[PDB]
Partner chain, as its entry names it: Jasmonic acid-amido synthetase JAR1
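One chain is shown next in structure tokens, namely the form solved without the partner chain.
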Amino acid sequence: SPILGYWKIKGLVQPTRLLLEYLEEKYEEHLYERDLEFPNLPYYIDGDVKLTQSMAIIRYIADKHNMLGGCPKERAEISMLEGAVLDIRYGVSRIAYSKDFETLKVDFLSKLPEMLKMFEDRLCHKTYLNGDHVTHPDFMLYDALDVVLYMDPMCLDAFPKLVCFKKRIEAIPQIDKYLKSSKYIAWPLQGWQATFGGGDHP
């Protein structure tokens, strides 16, 4: 059975866990708690491959299920959505370990509406980000939305399509079951030492 190793946090691997549950893949986790030889996190091991880099890991899983895109144009479209979600999610992580977080968050939250609106407009004519069918950037976006809502519970008040998308992802039977399961890591969002999304509880 494939092994996914990471900290016992949401962090970089949360969209990968959602994708795996969506696909009903069987996998074990190595969960590293607060306290090959270090090692390098996250990693993903099945028979064939040994991977590091969270984006290589999620892309591989998507790739094994033919979800990366059927032609160069489609695959670039998916890569583009990926990069656009990462600007949000990395935007959070970039400031979440600062003593100055309270200041830096002002800048971040000022730029967030424009970042969100691309996804909003995209969602006005598509059910999921790439259309009728779920793709891996959908779970990346879900994770980014979950994280920013802890930063600003109001940040989606002006985005009803994104509000709807978040509920839609939550209603996928595999996902709804996973979020209610004992497998679900609710918190922390970042490493425990973080000023935002760290600590033991919300």
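Shifts are known only where both forms have a C-alpha. Positions refer to the first chain, counted from 1. In this text, the rigid core denotes the largest set of C-alpha atoms whose superposition between the two forms falls within 1.5 Å.
Unmodelled residues of the deposited sequence between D35 and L36: 10 or more. According to the PDB record, 60-68 carries the higher mean C-alpha B-factor of the two stretches 135-143 and 60-68. Between the stretches 90-98 and 76-84, it is 90-98 that shows the larger average CA temperature factor.
In the PDB entry, a CA B factor belonging to the lowest third of its chain's modelled residues is recorded for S54.
In this PDB entry, the Cα temperature factor of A171 sits in the bottom third of its chain's modelled residues, the lowest group. Sorting the modelled residues of the chain by their CA temperature factor places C155 in the middle third. The deposited CA B-factor of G197 belongs to the middle third of values across its chain. The entry lists a Cα temperature factor for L31 that places it in the middle third of the chain's modelled residues.
What comes next is about the form deposited with the partner chain bound, which is not displayed.
Residue contact check for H30: none of its heavy atoms lie within 4.5 Å of the partner chain in the bound PDB entry. Residue contact with the partner chain in the bound PDB entry: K167 places a heavy atom within 4.5 Å of it. In the bound PDB entry, at least one heavy atom of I175 sits within 4.5 Å of the partner chain. With a 4.5 Å cutoff on heavy atoms, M154 does not count as touching the partner chain in the bound PDB entry; it lies far away. Taken together, the three residues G11, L20 and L23 all stay farther than 4.5 Å from the partner chain in the bound PDB entry, as judged by their closest heavy atom. Core aligned; the single run of 3 or more residues with all CA shifts at 2 Å or more between the shown form and the other one is 36-39.
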